[PDB]
C-alpha cells in the first residue's frame, strides 16, 4: 500500500497535517523509496498536476507487479483502489480548476455591475 501512503502524505502536506500524523506512512515508505523514485516524487509533490503525474508513474509499477504475480489478487485489489483514488484526485483538481476560472468571470462581472 506504499502508493496509498505516499499519496496520503502529499495530501497531508497540502492540508498541513502535524508531522506525527504522517509518521507511520513515512516509515513504511522510507525503505522502498530507493528502488522506487516515483513514490518519493509522489509524497513530495507540491502541485496537483505533479501529484497526478507521480501517481500515474506509480500505477505503471503497480500494473507491472500485478501482471508478474497473477495469482495474488492483492495487487489487483491495490490497482482498483489506487485508481479509484486517482479518480477522486482528478475530481479535486477539476474543482480547483473550476474555482480558478470562476475567479476570472466574477472579476469581469463586478466591473459591469459597478461601471
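Residue numbers count along the first chain shown, from 1.
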property: Residue range whose averaged C-alpha B-factor is higher in the record, 63 to 71 or 83 to 91; result: 63 to 71
property: Stretch with the greater mean C-alpha B-factor as recorded in the entry, comparing 32 to 40 against 53 to 61; result: 32 to 40
property: Chain third (lowest, middle, highest) by recorded CA B-factor, residue given as residue 96; result: lowest
property: Lowest, middle or highest third - CA B-factor, residue 23; result: highest
property: Position of residue 11 among the chain's modelled residues by C-alpha B-factor, lowest, middle or highest third; result: middle
